[PDB]
$ cat query-v3.pdb   # PDB, C-alpha atoms and all ligand atoms
ATOM      1  CA  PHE A   4      26.017  51.841-160.643
ATOM      2  CA  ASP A   5      24.302  52.385-163.990
ATOM      3  CA  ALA A   6      23.626  56.107-164.446
ATOM      4  CA  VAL A   7      21.078  55.676-167.241
ATOM      5  CA  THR A   8      19.094  53.116-165.248
ATOM      6  CA  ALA A   9      19.145  55.202-162.065
ATOM      7  CA  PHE A  10      17.868  58.171-164.059
ATOM      8  CA  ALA A  11      15.197  56.167-165.913
ATOM      9  CA  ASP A  12      13.805  54.584-162.743
ATOM     10  CA  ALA A  13      13.426  57.836-160.799
ATOM     11  CA  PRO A  14       9.952  59.381-160.463
ATOM     12  CA  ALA A  15      10.905  63.020-160.984
ATOM     13  CA  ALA A  16      13.524  65.085-162.802
ATOM     14  CA  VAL A  17      14.199  68.803-162.947
ATOM     15  CA  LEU A  18      14.005  70.269-166.467
ATOM     16  CA  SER A  19      15.999  73.380-167.289
ATOM     17  CA  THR A  20      15.206  75.519-170.332
ATOM     18  CA  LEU A  21      16.345  78.990-171.349
ATOM     19  CA  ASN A  22      14.118  82.032-170.920
ATOM     20  CA  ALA A  23      13.900  84.656-173.679
ATOM     21  CA  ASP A  24      16.754  86.715-172.205
ATOM     22  CA  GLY A  25      18.959  83.628-171.833
ATOM     23  CA  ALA A  26      18.459  83.149-168.072
ATOM     24  CA  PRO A  27      17.788  79.652-166.811
ATOM     25  CA  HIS A  28      14.361  78.379-165.934
ATOM     26  CA  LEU A  29      13.570  75.272-163.820
ATOM     27  CA  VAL A  30      10.459  73.098-163.483
ATOM     28  CA  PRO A  31      10.043  69.528-162.263
ATOM     29  CA  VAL A  32       8.648  66.908-164.616
ATOM     30  CA  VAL A  33       7.590  63.270-164.771
ATOM     31  CA  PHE A  34       9.299  61.555-167.661
ATOM     32  CA  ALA A  35      10.158  58.309-169.402
ATOM     33  CA  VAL A  36      13.445  57.252-170.927
ATOM     34  CA  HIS A  37      13.802  55.245-174.118
ATOM     35  CA  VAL A  38      17.115  53.411-174.447
ATOM     36  CA  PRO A  39      17.432  52.557-178.139
ATOM     37  CA  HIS A  40      18.301  48.894-178.350
ATOM     38  CA  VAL A  41      20.247  49.352-181.583
ATOM     39  CA  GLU A  42      23.023  50.434-179.199
ATOM     40  CA  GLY A  43      24.971  53.453-180.432
ATOM     41  CA  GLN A  44      21.983  55.600-180.912
ATOM     42  CA  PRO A  45      21.191  58.379-178.552
ATOM     43  CA  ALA A  46      18.822  57.861-175.640
ATOM     44  CA  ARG A  47      15.495  59.675-175.781
ATOM     45  CA  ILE A  48      13.705  61.327-172.894
ATOM     46  CA  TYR A  49       9.974  61.891-173.151
ATOM     47  CA  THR A  50       7.843  64.236-171.107
ATOM     48  CA  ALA A  51       4.260  65.380-171.635
ATOM     49  CA  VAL A  52       2.874  68.858-171.058
ATOM     50  CA  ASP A  53      -0.537  69.685-169.578
ATOM     51  CA  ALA A  54      -1.156  72.722-171.810
ATOM     52  CA  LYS A  55      -4.154  73.809-173.902
ATOM     53  CA  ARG A  56      -3.659  76.487-176.618
ATOM     54  CA  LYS A  57      -5.200  80.017-176.490
ATOM     55  CA  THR A  58      -6.730  79.689-173.035
ATOM     56  CA  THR A  59      -4.190  78.241-170.508
ATOM     57  CA  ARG A  60      -0.646  78.168-169.059
ATOM     58  CA  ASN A  61       2.433  75.901-168.483
ATOM     59  CA  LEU A  62       3.309  77.695-171.679
ATOM     60  CA  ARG A  63       6.768  78.787-170.583
ATOM     61  CA  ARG A  64       8.749  75.538-171.048
ATOM     62  CA  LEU A  65       7.229  75.145-174.513
ATOM     63  CA  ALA A  66       7.915  78.743-175.474
ATOM     64  CA  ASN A  67      11.492  78.452-174.220
ATOM     65  CA  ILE A  68      12.164  75.272-176.178
ATOM     66  CA  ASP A  69      10.658  76.806-179.331
ATOM     67  CA  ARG A  70      13.190  79.652-179.153
ATOM     68  CA  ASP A  71      16.185  77.571-178.017
ATOM     69  CA  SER A  72      16.075  73.759-178.061
ATOM     70  CA  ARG A  73      18.981  73.247-175.641
ATOM     71  CA  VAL A  74      17.880  71.639-172.351
ATOM     72  CA  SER A  75      19.188  69.756-169.338
ATOM     73  CA  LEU A  76      17.466  67.320-166.967
ATOM     74  CA  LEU A  77      18.662  66.242-163.536
ATOM     75  CA  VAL A  78      17.691  63.396-161.233
ATOM     76  CA  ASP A  79      18.978  63.726-157.685
ATOM     77  CA  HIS A  80      19.158  61.471-154.648
ATOM     78  CA  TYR A  81      19.445  63.080-151.248
ATOM     79  CA  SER A  82      20.182  61.147-148.081
ATOM     80  CA  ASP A  83      20.770  62.166-144.502
ATOM     81  CA  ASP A  84      23.892  60.018-144.960
ATOM     82  CA  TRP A  85      25.960  62.157-147.333
ATOM     83  CA  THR A  86      28.010  59.150-148.393
ATOM     84  CA  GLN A  87      24.853  57.934-150.153
ATOM     85  CA  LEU A  88      24.333  61.001-152.362
ATOM     86  CA  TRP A  89      24.210  60.673-156.153
ATOM     87  CA  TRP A  90      22.869  62.422-159.212
ATOM     88  CA  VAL A  91      22.497  61.875-162.931
ATOM     89  CA  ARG A  92      22.177  64.600-165.541
ATOM     90  CA  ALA A  93      21.144  64.471-169.193
ATOM     91  CA  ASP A  94      22.057  67.324-171.571
ATOM     92  CA  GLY A  95      20.374  67.448-174.937
ATOM     93  CA  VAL A  96      18.128  68.941-177.592
ATOM     94  CA  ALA A  97      14.370  69.093-177.101
ATOM     95  CA  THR A  98      11.765  68.846-179.848
ATOM     96  CA  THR A  99       8.102  69.554-179.132
ATOM     97  CA  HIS A 100       5.618  67.308-180.927
ATOM     98  CA  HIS A 101       1.926  68.007-181.380
ATOM     99  CA  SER A 102       1.207  64.884-183.461
ATOM    100  CA  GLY A 103       2.887  61.841-184.978
ATOM    101  CA  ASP A 104       4.963  58.886-183.814
ATOM    102  CA  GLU A 105       6.819  60.810-181.081
ATOM    103  CA  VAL A 106       3.564  61.640-179.326
ATOM    104  CA  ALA A 107       2.528  57.999-179.612
ATOM    105  CA  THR A 108       5.910  56.844-178.355
ATOM    106  CA  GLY A 109       5.949  59.329-175.474
ATOM    107  CA  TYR A 110       2.406  58.546-174.345
ATOM    108  CA  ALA A 111       3.159  54.836-174.492
ATOM    109  CA  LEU A 112       6.281  55.043-172.342
ATOM    110  CA  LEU A 113       4.679  57.465-169.867
ATOM    111  CA  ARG A 114       1.617  55.260-169.236
ATOM    112  CA  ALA A 115       3.857  52.234-168.817
ATOM    113  CA  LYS A 116       5.866  53.971-166.099
ATOM    114  CA  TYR A 117       3.235  55.987-164.223
ATOM    115  CA  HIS A 118      -0.003  54.303-163.184
ATOM    116  CA  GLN A 119      -1.371  57.752-162.304
ATOM    117  CA  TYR A 120      -1.968  58.178-166.037
ATOM    118  CA  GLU A 121      -4.890  55.754-165.732
ATOM    119  CA  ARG A 122      -6.820  58.566-164.024
ATOM    120  CA  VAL A 123      -4.864  61.652-165.147
ATOM    121  CA  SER A 124      -5.501  62.712-168.748
ATOM    122  CA  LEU A 125      -2.760  62.624-171.360
ATOM    123  CA  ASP A 126      -3.689  64.875-174.247
ATOM    124  CA  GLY A 127      -0.963  67.512-174.445
ATOM    125  CA  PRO A 128       2.194  67.906-176.499
ATOM    126  CA  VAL A 129       5.147  65.602-175.937
ATOM    127  CA  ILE A 130       8.659  66.895-175.549
ATOM    128  CA  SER A 131      11.299  64.583-176.947
ATOM    129  CA  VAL A 132      14.828  65.146-175.691
ATOM    130  CA  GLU A 133      17.697  63.750-177.722
ATOM    131  CA  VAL A 134      20.432  63.217-175.134
ATOM    132  CA  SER A 135      23.849  64.351-176.297
ATOM    133  CA  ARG A 136      25.531  63.409-173.025
ATOM    134  CA  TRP A 137      24.938  61.743-169.673
ATOM    135  CA  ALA A 138      26.835  62.857-166.584
ATOM    136  CA  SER A 139      26.745  61.396-163.092
ATOM    137  CA  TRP A 140      28.326  61.506-159.650
ATOM    138  CA  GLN A 141      28.285  59.303-156.546
ATOM    139  CA  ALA A 142      29.553  60.201-153.093
TER     140      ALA A 142
ATOM    141  CA  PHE B   4       2.015  79.121-148.889
ATOM    142  CA  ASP B   5       4.559  79.434-147.088
ATOM    143  CA  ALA B   6       6.796  78.979-150.149
ATOM    144  CA  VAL B   7       9.942  80.562-148.731
ATOM    145  CA  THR B   8       9.862  78.465-145.546
ATOM    146  CA  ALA B   9       9.140  75.311-147.557
ATOM    147  CA  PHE B  10      12.129  76.090-149.761
ATOM    148  CA  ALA B  11      14.359  77.033-146.824
ATOM    149  CA  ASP B  12      13.670  73.818-144.830
ATOM    150  CA  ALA B  13      14.228  71.373-147.693
ATOM    151  CA  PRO B  14      17.506  69.402-147.654
ATOM    152  CA  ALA B  15      18.428  69.806-151.329
ATOM    153  CA  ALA B  16      17.848  72.130-154.282
ATOM    154  CA  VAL B  17      18.811  71.986-157.946
ATOM    155  CA  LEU B  18      21.062  74.879-158.990
ATOM    156  CA  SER B  19      21.092  75.976-162.626
ATOM    157  CA  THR B  20      23.953  78.044-164.022
ATOM    158  CA  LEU B  21      24.858  78.869-167.623
ATOM    159  CA  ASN B  22      27.676  77.159-169.500
ATOM    160  CA  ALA B  23      30.096  79.121-171.707
ATOM    161  CA  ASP B  24      27.873  78.522-174.756
ATOM    162  CA  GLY B  25      24.781  79.685-172.859
ATOM    163  CA  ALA B  26      23.286  76.212-172.325
ATOM    164  CA  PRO B  27      21.980  75.304-168.865
ATOM    165  CA  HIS B  28      24.127  73.407-166.355
ATOM    166  CA  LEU B  29      22.462  71.613-163.422
ATOM    167  CA  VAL B  30      23.806  70.288-160.125
ATOM    168  CA  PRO B  31      22.150  69.549-156.787
ATOM    169  CA  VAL B  32      23.257  71.489-153.726
ATOM    170  CA  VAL B  33      22.741  71.781-150.025
ATOM    171  CA  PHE B  34      21.948  75.384-149.177
ATOM    172  CA  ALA B  35      20.711  77.772-146.518
ATOM    173  CA  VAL B  36      18.448  80.786-146.827
ATOM    174  CA  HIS B  37      18.776  84.133-145.050
ATOM    175  CA  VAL B  38      15.433  85.944-144.831
ATOM    176  CA  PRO B  39      15.953  89.523-143.581
ATOM    177  CA  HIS B  40      13.777  90.589-140.613
ATOM    178  CA  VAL B  41      13.616  94.009-142.225
ATOM    179  CA  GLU B  42      11.089  94.782-144.963
ATOM    180  CA  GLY B  43      12.278  95.536-148.475
ATOM    181  CA  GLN B  44      15.484  93.529-148.446
ATOM    182  CA  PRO B  45      15.926  90.511-150.737
ATOM    183  CA  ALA B  46      16.444  86.992-149.403
ATOM    184  CA  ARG B  47      19.887  85.473-149.940
ATOM    185  CA  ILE B  48      20.662  81.830-150.600
ATOM    186  CA  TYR B  49      24.052  80.426-149.558
ATOM    187  CA  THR B  50      25.801  77.281-150.764
ATOM    188  CA  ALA B  51      29.447  76.257-150.276
ATOM    189  CA  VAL B  52      31.945  74.783-152.689
ATOM    190  CA  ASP B  53      34.583  72.495-151.138
ATOM    191  CA  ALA B  54      38.203  73.561-151.513
ATOM    192  CA  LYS B  55      39.769  70.696-149.610
ATOM    193  CA  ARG B  56      40.081  69.110-153.049
ATOM    194  CA  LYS B  57      39.835  70.811-156.472
ATOM    195  CA  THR B  58      37.522  69.049-158.960
ATOM    196  CA  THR B  59      36.653  69.687-162.603
ATOM    197  CA  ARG B  60      32.958  69.876-161.751
ATOM    198  CA  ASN B  61      33.462  72.549-159.117
ATOM    199  CA  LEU B  62      35.761  74.696-161.276
ATOM    200  CA  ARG B  63      33.166  74.532-164.030
ATOM    201  CA  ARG B  64      30.402  75.776-161.779
ATOM    202  CA  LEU B  65      32.501  78.588-160.329
ATOM    203  CA  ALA B  66      33.568  79.670-163.799
ATOM    204  CA  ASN B  67      29.922  79.712-164.980
ATOM    205  CA  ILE B  68      28.934  82.048-162.166
ATOM    206  CA  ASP B  69      31.960  84.292-162.722
ATOM    207  CA  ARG B  70      31.018  84.551-166.396
ATOM    208  CA  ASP B  71      27.265  85.117-165.900
ATOM    209  CA  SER B  72      25.766  85.701-162.465
ATOM    210  CA  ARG B  73      22.226  84.669-163.491
ATOM    211  CA  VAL B  74      21.041  81.487-161.723
ATOM    212  CA  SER B  75      17.925  79.643-160.670
ATOM    213  CA  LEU B  76      17.370  77.186-157.784
ATOM    214  CA  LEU B  77      14.450  74.795-157.431
ATOM    215  CA  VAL B  78      13.139  72.757-154.550
ATOM    216  CA  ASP B  79      10.571  70.197-155.574
ATOM    217  CA  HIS B  80       8.449  67.694-153.711
ATOM    218  CA  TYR B  81       7.391  64.489-155.436
ATOM    219  CA  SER B  82       4.707  62.102-154.238
ATOM    220  CA  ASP B  83       3.113  59.114-155.923
ATOM    221  CA  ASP B  84      -0.067  60.971-154.943
ATOM    222  CA  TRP B  85       0.033  63.692-157.602
ATOM    223  CA  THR B  86      -2.401  65.876-155.654
ATOM    224  CA  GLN B  87       0.433  66.532-153.194
ATOM    225  CA  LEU B  88       3.112  67.712-155.633
ATOM    226  CA  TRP B  89       4.647  71.155-155.075
ATOM    227  CA  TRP B  90       7.738  73.155-155.952
ATOM    228  CA  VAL B  91       9.341  76.485-155.097
ATOM    229  CA  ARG B  92      11.834  78.308-157.347
ATOM    230  CA  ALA B  93      14.221  81.169-156.669
ATOM    231  CA  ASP B  94      15.662  83.213-159.517
ATOM    232  CA  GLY B  95      18.596  85.430-158.720
ATOM    233  CA  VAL B  96      22.089  86.774-159.115
ATOM    234  CA  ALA B  97      25.003  84.730-157.783
ATOM    235  CA  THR B  98      28.268  86.102-156.387
ATOM    236  CA  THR B  99      31.158  83.822-155.371
ATOM    237  CA  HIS B 100      33.026  84.824-152.208
ATOM    238  CA  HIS B 101      36.441  83.405-151.327
ATOM    239  CA  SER B 102      36.664  85.349-148.073
ATOM    240  CA  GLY B 103      34.883  87.986-146.026
ATOM    241  CA  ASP B 104      31.538  88.413-144.332
ATOM    242  CA  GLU B 105      29.485  86.498-146.949
ATOM    243  CA  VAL B 106      31.583  83.417-146.297
ATOM    244  CA  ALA B 107      31.063  83.865-142.543
ATOM    245  CA  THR B 108      27.299  84.339-143.004
ATOM    246  CA  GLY B 109      27.010  81.323-145.307
ATOM    247  CA  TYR B 110      29.052  79.038-143.065
ATOM    248  CA  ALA B 111      26.942  79.992-140.011
ATOM    249  CA  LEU B 112      23.626  79.352-141.756
ATOM    250  CA  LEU B 113      24.836  76.064-143.262
ATOM    251  CA  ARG B 114      26.126  74.744-139.906
ATOM    252  CA  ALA B 115      22.846  75.736-138.256
ATOM    253  CA  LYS B 116      20.868  73.797-140.881
ATOM    254  CA  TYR B 117      22.985  70.667-141.546
ATOM    255  CA  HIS B 118      24.264  68.518-138.691
ATOM    256  CA  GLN B 119      26.524  66.824-141.256
ATOM    257  CA  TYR B 120      28.870  69.792-141.072
ATOM    258  CA  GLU B 121      29.885  68.599-137.616
ATOM    259  CA  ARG B 122      31.958  66.027-139.512
ATOM    260  CA  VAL B 123      32.239  67.484-143.028
ATOM    261  CA  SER B 124      34.708  70.339-143.530
ATOM    262  CA  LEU B 125      33.644  73.825-144.556
ATOM    263  CA  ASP B 126      36.594  75.878-145.864
ATOM    264  CA  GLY B 127      35.835  76.654-149.514
ATOM    265  CA  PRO B 128      34.249  79.602-151.295
ATOM    266  CA  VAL B 129      30.614  80.486-150.649
ATOM    267  CA  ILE B 130      28.145  81.263-153.430
ATOM    268  CA  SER B 131      25.698  83.941-152.324
ATOM    269  CA  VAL B 132      22.541  84.269-154.355
ATOM    270  CA  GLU B 133      20.525  87.451-154.155
ATOM    271  CA  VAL B 134      16.961  86.403-154.906
ATOM    272  CA  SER B 135      15.211  88.578-157.464
ATOM    273  CA  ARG B 136      12.029  86.525-157.506
ATOM    274  CA  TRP B 137      10.284  83.606-155.880
ATOM    275  CA  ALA B 138       7.828  81.383-157.720
ATOM    276  CA  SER B 139       5.796  78.441-156.455
ATOM    277  CA  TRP B 140       3.176  75.891-157.362
ATOM    278  CA  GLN B 141       0.979  73.408-155.493
ATOM    279  CA  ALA B 142      -1.072  70.599-156.993
TER     280      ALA B 142
HETATM  281 CL    CL C 201       6.404  78.951-163.954
HETATM  282 NA    NA C 202       6.962  81.110-162.624
END

$ encode --input "query-v3.pdb" --output "structure tokens"
Amino acid sequence: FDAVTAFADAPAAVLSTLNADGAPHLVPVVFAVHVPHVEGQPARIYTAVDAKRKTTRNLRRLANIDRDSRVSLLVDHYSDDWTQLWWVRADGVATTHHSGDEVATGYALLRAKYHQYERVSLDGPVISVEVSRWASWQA
Amino acid sequence: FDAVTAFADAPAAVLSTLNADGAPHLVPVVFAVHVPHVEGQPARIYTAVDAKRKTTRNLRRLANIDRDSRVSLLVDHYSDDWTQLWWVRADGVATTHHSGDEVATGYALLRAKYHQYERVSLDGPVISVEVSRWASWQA
């Protein structure tokens, strides 16, 4: 069982950020993982946001990250057979990018993973999560 | 939409608690919801922690809740058809019970929901979450 691979291959993760008063917030995301092949460098998790400025929403995860960059993401596998349960969690620091190489990198990885991005537009900011630790569990 | 029923029927949710340094901690749980048949009263979400065996992960989670009762739980539904995505979130205040009526109430609801508890033991503390707000989204 490779935790990083199991996480990377999954379609959806839950992203947790901190609200202004410190309480946790949760939203699901689609995402792509970059495993740096210079081995010994931290993994990167990329996720795009469908948010326009001044006249729209989905603003909360961005506003949370801007105030406090500490985040966690979890991929879970449920089964009716509880001996088949597992999960993988990434804890890390999120940076929001509105231009540059990170946006390019994020867009690239996201399109490669999700074919839905052939029809669904991809013109919002990209969150880059530097993973400080991976955790996992199997039943 | 009906968000509460959708949440209540789902097999698994992601529970977010706060670590000692205030950063989010995430773990998936099985859970059961009590919706009061009286108007005004908040819903309660119940989830059990095993005490057949003590584990570092479970002591961490219990300590987080003891330290700060603020939690969030999310049920999400992924589909490769992104027009069918949805999620439901409960924000609330968690109390851990090691005996008493909350444990009885939680055990009863959990056994009613999960047939797996016919084989899996249920003799640990029960986390009872008083829901302060529900949120939901549909694609
Ligand atoms: Cl929201
Ligand atoms: Na909300």

$ resolve_selection --input "query-v3.pdb" --expression "the PyMOL selection byres (((chain A and resi 7) around 10) and not hetatm)" --output "ChimeraX atom specification"
/A:4-6,8-12,36,38,46,91-93,137-139

$ resolve_selection --input "query-v3.pdb" --expression "the PyMOL selection byres ((chain A) within 7 of (chain B))" --output "number ranges by chain"
A: 15, 19-20, 26-29, 31, 73-75, 77, 79, 81

$ write_last_selection --input "query-v3.pdb" --atoms "C-alpha atoms" --output "PDB file, in the frame of the given file"
ATOM      1  CA  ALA A  15      10.905  63.020-160.984  1.00  0.00           C
ATOM      2  CA  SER A  19      15.999  73.380-167.289  1.00  0.00           C
ATOM      3  CA  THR A  20      15.206  75.519-170.332  1.00  0.00           C
ATOM      4  CA  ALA A  26      18.459  83.149-168.072  1.00  0.00           C
ATOM      5  CA  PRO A  27      17.788  79.652-166.811  1.00  0.00           C
ATOM      6  CA  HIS A  28      14.361  78.379-165.934  1.00  0.00           C
ATOM      7  CA  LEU A  29      13.570  75.272-163.820  1.00  0.00           C
ATOM      8  CA  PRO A  31      10.043  69.528-162.263  1.00  0.00           C
ATOM      9  CA  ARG A  73      18.981  73.247-175.641  1.00  0.00           C
ATOM     10  CA  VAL A  74      17.880  71.639-172.351  1.00  0.00           C
ATOM     11  CA  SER A  75      19.188  69.756-169.338  1.00  0.00           C
ATOM     12  CA  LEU A  77      18.662  66.242-163.536  1.00  0.00           C
ATOM     13  CA  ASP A  79      18.978  63.726-157.685  1.00  0.00           C
ATOM     14  CA  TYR A  81      19.445  63.080-151.248  1.00  0.00           C
TER      15      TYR A  81
END

$ atom_distance --input "query-v3.pdb" --atom1 "atom CA of residue 51 of chain B" --atom2 "atom CA of residue 23 of chain B"
21.6 Å

$ closest_residue --input "query-v3.pdb" --among "B:47, B:136, B:64, B:55" --to "residue 124 of chain B" --atoms "only C-alpha atoms"
B:55

$ calpha_fit_rmsd --input "query-v3.pdb" --fixed "chain A" --moving "chain B"
1.4 Å

$ decode --input "query-v3.pdb" --residues "segment 118-134 of chain B" --atoms "N, CA, C and O atoms" --output "mmCIF file, in the first residue's frame"
data_model
loop_
_atom_site.group_PDB
_atom_site.id
_atom_site.type_symbol
_atom_site.label_atom_id
_atom_site.label_comp_id
_atom_site.auth_asym_id
_atom_site.auth_seq_id
_atom_site.Cartn_x
_atom_site.Cartn_y
_atom_site.Cartn_z
ATOM 1 N N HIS B 118 -25.265 -2.165 9.972
ATOM 2 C CA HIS B 118 -25.387 -3.597 10.278
ATOM 3 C C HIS B 118 -24.055 -4.164 10.768
ATOM 4 O O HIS B 118 -24.015 -5.225 11.408
ATOM 5 N N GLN B 119 -22.960 -3.467 10.470
ATOM 6 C CA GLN B 119 -21.628 -3.955 10.825
ATOM 7 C C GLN B 119 -21.444 -4.076 12.334
ATOM 8 O O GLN B 119 -20.598 -4.837 12.805
ATOM 9 N N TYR B 120 -22.259 -3.353 13.081
ATOM 10 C CA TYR B 120 -22.161 -3.351 14.527
ATOM 11 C C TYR B 120 -22.797 -4.596 15.128
ATOM 12 O O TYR B 120 -22.846 -4.744 16.350
ATOM 13 N N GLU B 121 -23.267 -5.494 14.266
ATOM 14 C CA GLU B 121 -23.728 -6.802 14.721
ATOM 15 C C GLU B 121 -22.506 -7.643 15.051
ATOM 16 O O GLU B 121 -22.578 -8.565 15.863
ATOM 17 N N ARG B 122 -21.398 -7.347 14.375
ATOM 18 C CA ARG B 122 -20.129 -8.043 14.600
ATOM 19 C C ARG B 122 -19.098 -7.179 15.325
ATOM 20 O O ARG B 122 -18.343 -7.669 16.164
ATOM 21 N N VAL B 123 -19.058 -5.894 14.993
ATOM 22 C CA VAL B 123 -18.068 -4.981 15.570
ATOM 23 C C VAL B 123 -18.526 -4.435 16.919
ATOM 24 O O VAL B 123 -19.676 -4.022 17.070
ATOM 25 N N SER B 124 -17.630 -4.462 17.904
ATOM 26 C CA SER B 124 -17.977 -4.050 19.262
ATOM 27 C C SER B 124 -18.230 -2.549 19.372
ATOM 28 O O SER B 124 -17.738 -1.749 18.567
ATOM 29 N N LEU B 125 -19.008 -2.179 20.380
ATOM 30 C CA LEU B 125 -19.372 -0.795 20.599
ATOM 31 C C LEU B 125 -19.371 -0.489 22.096
ATOM 32 O O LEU B 125 -20.432 -0.428 22.711
ATOM 33 N N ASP B 126 -18.184 -0.317 22.679
ATOM 34 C CA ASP B 126 -18.071 -0.037 24.115
ATOM 35 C C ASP B 126 -17.011 1.025 24.437
ATOM 36 O O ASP B 126 -16.263 0.899 25.408
ATOM 37 N N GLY B 127 -16.950 2.066 23.617
ATOM 38 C CA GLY B 127 -16.041 3.175 23.843
ATOM 39 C C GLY B 127 -16.821 4.463 24.029
ATOM 40 O O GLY B 127 -18.047 4.447 24.042
ATOM 41 N N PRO B 128 -16.112 5.591 24.191
ATOM 42 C CA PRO B 128 -16.840 6.839 24.401
ATOM 43 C C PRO B 128 -17.567 7.264 23.136
ATOM 44 O O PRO B 128 -17.170 6.868 22.029
ATOM 45 N N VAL B 129 -18.602 8.076 23.307
ATOM 46 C CA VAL B 129 -19.376 8.594 22.186
ATOM 47 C C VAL B 129 -19.187 10.099 22.090
ATOM 48 O O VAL B 129 -19.344 10.812 23.080
ATOM 49 N N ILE B 130 -18.844 10.584 20.896
ATOM 50 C CA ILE B 130 -18.764 12.008 20.639
ATOM 51 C C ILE B 130 -20.132 12.455 20.189
ATOM 52 O O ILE B 130 -20.694 11.864 19.272
ATOM 53 N N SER B 131 -20.674 13.477 20.848
ATOM 54 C CA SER B 131 -21.986 14.002 20.500
ATOM 55 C C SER B 131 -21.817 15.416 19.987
ATOM 56 O O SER B 131 -21.310 16.287 20.698
ATOM 57 N N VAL B 132 -22.210 15.647 18.741
ATOM 58 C CA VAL B 132 -22.025 16.965 18.172
ATOM 59 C C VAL B 132 -23.344 17.696 18.071
ATOM 60 O O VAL B 132 -24.255 17.240 17.396
ATOM 61 N N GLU B 133 -23.440 18.831 18.747
ATOM 62 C CA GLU B 133 -24.621 19.663 18.642
ATOM 63 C C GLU B 133 -24.451 20.567 17.438
ATOM 64 O O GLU B 133 -23.543 21.383 17.402
ATOM 65 N N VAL B 134 -25.302 20.391 16.440
ATOM 66 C CA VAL B 134 -25.136 21.141 15.190
ATOM 67 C C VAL B 134 -25.597 22.581 15.315
ATOM 68 O O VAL B 134 -26.746 22.845 15.662
#
